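Here's a solo chain for you in structure tokens, the form deposited in one PDB entry.
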């Protein structure tokens, strides 16, 4: 009874591409953040505005609409940080060694290593970006990956499974379209999906640090961010 499963591969790709949220900007102040207050201030600000675009993007992901409101809330609560991060590493691809949080906000590990901030997570994101770049990740593949994260991350907590299969078909469709052999297709599929385990890892680590930021209570957090963080505690 879900329309998602009736879509074709190209239809799914188009739906997802049309769903893509815009790339948002940070403040136009040109000072490069080296403190935690300043940097974390910019990240919370950015994440807040992105969460609104993400919420409306999610509703345009095929199959998501068919879920109960409660299931939608759960999936978003589970996957919001993963979705932001994979977006980050995506737009950071063409800037090796740097993290493009926004077009006007390009950070390096010297700002990251700069308290706390966290350099470990910073480095993880960079490695992920570099890997996406070396794989020559395509935009169409990226959108499929991001939607998988949305539907899968909170799944454990048939529709979702059947929808996830459709997205799998769509990824293979894209790879076949790119001229990849059968072996290259399933190898690239595995490579991409295994990246999701690390994205999960970074999200969990990031959530622990966001939680710390909350407790330190310096750097106020929006109600939405605290509720998204609460869901994890």
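Only residues modelled in both forms are compared. We call the rigid core whatever largest set of C-alpha positions still superposes within 1.5 Å between the two forms. Numbering follows the first chain given and starts at 1.
Chemist: Does the comparison with other entries of this protein show residue 24 left unmodelled in at least a third of them?
Modeler: Other entries vs residue 24: none skip it.
Chemist: Indicate yes or no: is residue 213 absent from the model in at least a third of the other PDB entries of this protein that were compared?
Modeler: No: coordinates for residue 213 present in every compared entry.
Chemist: Which class fits the unmodelled deposited stretch between residue 157 and residue 158: none, 1 to 3, 4 to 9, or 10 or more?
Modeler: Gap between residue 157 and residue 158: 10 or more unmodelled residues.
Chemist: Out of 115-123 and 82-90, which one has CA B-factors that are higher on average in the deposited record?
Modeler: If you average the C-alpha B-factors of 115-123 and of 82-90, the larger mean comes out for 115-123.
Chemist: Per the entry, where is the mean C-alpha temperature factor higher: 158-166 or 133-141?
Modeler: Comparing averages over the C-alpha atoms only gives 158-166.
Chemist: Just the C-alpha B-factor column, please: which of 72, 147, 128, 110 has the biggest number?
Modeler: It is 110.
Chemist: If you compare 60, 198, 53, 177, which has the highest Cα B-factor in the entry?
Modeler: When the deposited C-alpha B-factors of 60, 198, 53, 177 are compared, 177 is largest.
Chemist: According to the PDB entry, is the CA B factor of residue 39 in the bottom, middle or top third of its chain, that is, lowest, middle or highest?
Modeler: CA B-factor rank for residue 39: highest third.
Chemist: Splitting the chain's C-alpha B-factors into thirds, which one does residue 100 fall into?
Modeler: According to the entry, residue 100 has a C-alpha B-factor in the chain's middle third.
Chemist: By the recorded C-alpha temperature factor, relative to the other modelled residues in its chain, which third is residue 32 in?
Modeler: It falls in the top third of the chain.
Chemist: Rank-wise, by C-alpha B-factor, drop residue 17 into the lowest, middle or highest third of its chain.
Modeler: Lowest third - that is where residue 17 ends up once the chain's C-alpha B-factors are sorted.
Quick note: we don't show the form deposited in another entry, though the next part is all about it.
Chemist: In a fit on the core, which one among 49, 201, 32, 186 has a Cα that moves 2 Å or more between this form and the one not shown?
Modeler: Just 32.
Chemist: Core-aligned, C-alpha shift of at least 2 Å, runs of at least 3 residues: can you list them between this form and the one not shown?
Modeler: Moving stretches, in sequence order: 31-35, 113-115.
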